[PDB]
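Working notes, beginning with the structure itself.
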Amino acid sequence: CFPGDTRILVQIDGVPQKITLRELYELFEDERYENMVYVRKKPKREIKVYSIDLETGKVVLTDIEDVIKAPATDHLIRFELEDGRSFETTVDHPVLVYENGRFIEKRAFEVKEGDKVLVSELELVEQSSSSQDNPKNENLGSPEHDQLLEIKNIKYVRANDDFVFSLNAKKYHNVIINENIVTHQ
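This is the structure:
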């Protein structure tokens with residue numbers, strides 16, 4: 001899991017939005033109690049989730065199974081990228097790094113400084129602050145970026161929220177967060 005602070009890239013009403021899991025989560029309703037955590041299922045709008053295909057390395061879109069809401073109990077490791085991107089995980093959560101010419105899944109507490117993550121590097125063009133715009137898919141709609149980022153700094157930090165999220169969708173434990181940081185079990 002990641003802190004609610006973790007930004008998740010999704011698609012809402014055919015519009016890609018990058019919003020924290022605590023924010024993304026809100027696009028959902030119907031919360032159930034299970035596994036000693038909370039599970040929210042069924043979006044109140046058209047909510048899709050941007051995920052990555054490990055095998056091909058492409059950014060795909062899928063439907064959501066539910067929202068992963070769990071009481072912030074453990075602490076989280078933070079990864080700071082050379083670009084200034086940073087993401088956190090419950091340390092037990094595997095991180096997807098691109099080393100040895102392959103993609104490997106290592107726990108946050110198993111990841112080391114100077115490690116990499118896969119970034120889809122594919123933006124939605126409109127990086128405007130807040131949800132001011134939405135019905136815009138103009139400006140061609142074709143990006144271009146092929147580069148992965150190394151972790152400049154890792155640290156042990158504490159969960160910002162009292163709940164942590166990951167957003168459960170198809171393929172499971174595979175989502176694009178922060179500045180498109182890809183992770184998978």
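Note that the authors' numbering numbers the sequence shown so that position 127 is 127, with each residue one more than the last. We put the CB at the ideal spot given by N, CA and C, even for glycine.
From the DSSP output, in three-state form, read off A169 for me. strand
Does DSSP put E99 in a helix, a strand or coil? strand
Taking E26 as the reference, give the member of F165, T183, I176 and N180 with the closest Cα. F165
Taking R22 as part of the alpha helix (DSSP H), name the residues at either end of that continuous run. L21 to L24
So is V117 buried or exposed if we call it buried at 16+ other beta carbons inside 10 Å? buried
Buried or exposed by the 16-neighbour rule on C-beta atoms within 10 Å, applied to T90: buried
Nearest-angstrom Cα separation, counted from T62 out to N100: 29 angstroms
Buried versus exposed call for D30 [16 or more other C-beta atoms within 10 Å across all chains shown]: exposed
Spatial distance of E113 from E150 (CA atoms): 8 angstroms
Output needed for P16: all residues of its chain with C-beta closer than 8 angstroms, excluding positions within five of it in sequence on either side, in chain order. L9, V10, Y50 and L124
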